[PDB]
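Each of two forms of one protein chain follows alone as structure tokens, named structure 1 and structure 2.
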Structure 1
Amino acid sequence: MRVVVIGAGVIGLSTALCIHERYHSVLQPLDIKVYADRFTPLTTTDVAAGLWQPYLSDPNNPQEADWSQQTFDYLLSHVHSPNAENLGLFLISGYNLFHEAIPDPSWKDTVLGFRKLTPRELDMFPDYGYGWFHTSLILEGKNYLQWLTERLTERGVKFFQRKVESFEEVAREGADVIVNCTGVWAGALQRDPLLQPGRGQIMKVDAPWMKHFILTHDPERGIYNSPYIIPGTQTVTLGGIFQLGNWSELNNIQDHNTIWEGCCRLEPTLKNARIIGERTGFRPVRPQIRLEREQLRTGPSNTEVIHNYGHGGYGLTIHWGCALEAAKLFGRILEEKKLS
């Protein structure tokens, strides 16, 4: 049973880990390899703050809400272990601000102590007249990716640095199952018109007195096109950029100024903070995540494919539920091949 995972971000690596730990005992030769063009420092996953929070409006598919729930409950049970620091995982409380009232989110019972903001709290944010407060989790991609890598290494999983031209090429070399975790680039292996870049840009700043997150919202501009501030372990993320269709992997001055001005209005104490870095990434926007099987018909006998991509702006939020779902699908492949 040769299994090739394409992609080394949160989705690929988490899926790879789930598959190994769940099926390495019920398969004699279980060889899992990971192919990726880019690894642990240079992925979209690295650009993410790693704040756990789904989109405001309900998901196109009600499964995602469970995958999110599952992810939260899992990371929560581990928040207080010694692993936590290596993971980059910790608790954080903060604000979601709006101009008008809005219905409570679906995940309001997932997070800790969800409530609405009080007048005193609102006075701290004059540009806004409504919002929430709650306690969530942060999984910093850069450390989490490092953890996964090392978990996988000790499990015999080999990593190879290469760009895959097609599924057929990988099947031609001997893969029985191909797990597709190519994020926003998935379309280069199989035309997917529903998958598009959600380009974002962020600023890492030194502001260690920030202990709360602050997400602003505005329908007039779109999800995550509003200033936000996310305290990390070493630095603070400043963001607020979302651009459908933009494939430019390049820091932009205009976006720089938008991040910087937005967040300063929001938190005046930021004016003297020192700028550590700046990065651009592409959210794999898709009306819903593609998490399904497909039999790639090719020659004598076809090869199995599990697609796992299109997690948009909530990959770290949902990755675990997805992995478990991918592993179940892997489960079914085995029983059909009558190997369980």
Structure 2
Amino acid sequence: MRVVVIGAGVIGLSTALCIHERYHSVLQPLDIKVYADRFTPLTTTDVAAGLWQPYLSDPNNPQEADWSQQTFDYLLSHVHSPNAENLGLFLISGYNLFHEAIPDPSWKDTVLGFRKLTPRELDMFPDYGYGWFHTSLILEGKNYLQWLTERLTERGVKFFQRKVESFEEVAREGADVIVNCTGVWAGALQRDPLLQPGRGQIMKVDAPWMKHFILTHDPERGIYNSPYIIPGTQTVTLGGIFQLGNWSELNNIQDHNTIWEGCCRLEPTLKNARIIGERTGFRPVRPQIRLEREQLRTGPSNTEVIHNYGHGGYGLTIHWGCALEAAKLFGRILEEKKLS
């Protein structure tokens, strides 16, 4: 009963934990190893603000809306716990700004107190003429990743610093089940032309008077490419850079400018806020998440592979529902093998 999880971002970590809680037994022990090239604070998960917000429009797969709703409901149950702070979990309200009356999102009833913005509220954002206000949740990846690791290490899970070259390399060493949570890099283990980097740049600023998230939406700039302000526990994330096919890990100076000028125009009080840091990450962009089983067609034994990658700009938002689905796929592997 040897299981190897490839990846230590929110995907692999929550998957490892979910499989362990649901399938570990002293009767039938479950050996679980996590192999990863990069760990916290150096994953894509660490670059995220951690705000819960799926895409505005209905997903290519309606199963994704269920996975996001299951994640919200799960995080909402731990929000008023003493453990909440160790997770990087907290409630936050905020604004979604538009230039037109776009349709209501499928998640209007999952979030708390969703409503349209009133005239006086919109008078605060002269560049926008429609929007929403609701209460959502922030799950900060750097705390959540450390918390998941702590809970994994105490459940018997060993962590290994390694760049996996092939699934067959892992299959050869005895892995019965391979959990593929490689994010944006998955194409290195198996070609997937639907998987692309969604290059992102963010600024971390000191603006503690900022109690609300502010997200803007422009068709001319596209998804995740217009100003956003997201207050964290210690700092405020400034963003709004999406570049499909861009693999540059360096901080582009025109992007730094776009972030600064766009966010200051959105919220003039940012102009006097102290810039703390700047980061680049690659969103694992895909028309839909890949969350399925694959029987390896290489080597003398067939190896069971659970793929869990391609969560684009909403991995923190959907991680739990995806972890639970991967655990379901895992139990299906267990039954098909044998009972007695």
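Rigid core: the largest C-alpha set superposing within 1.5 Å between the two forms. Numbers follow structure 1, counted from its first residue as 1.
Student: If you fit the rigid core and then compare C-alpha positions between structure 1 and structure 2, only one of 287, 277, 62, 299 moves by 2 Å or more. Name it.
Tutor: The listed residue whose C-alpha shifts by at least 2 Å is 299.
Student: Hey, core superposed, how many Å does residue 40 shift at the CA between structure 1 and structure 2?
Tutor: Comparing the two forms, residue 40 shifts 1.0 Å at C-alpha.
Student: After lining up the core, report the Cα displacement of residue 29 between structure 1 and structure 2 in Å, one decimal place.
Tutor: Comparing between structure 1 and structure 2 after core fitting, residue 29 shifts 3.0 Å at its C-alpha.
Student: After fitting the core, how far does the CA of residue 218 move between structure 1 and structure 2, in Å?
Tutor: So the C-alpha of this residue moves 0.5 Å.
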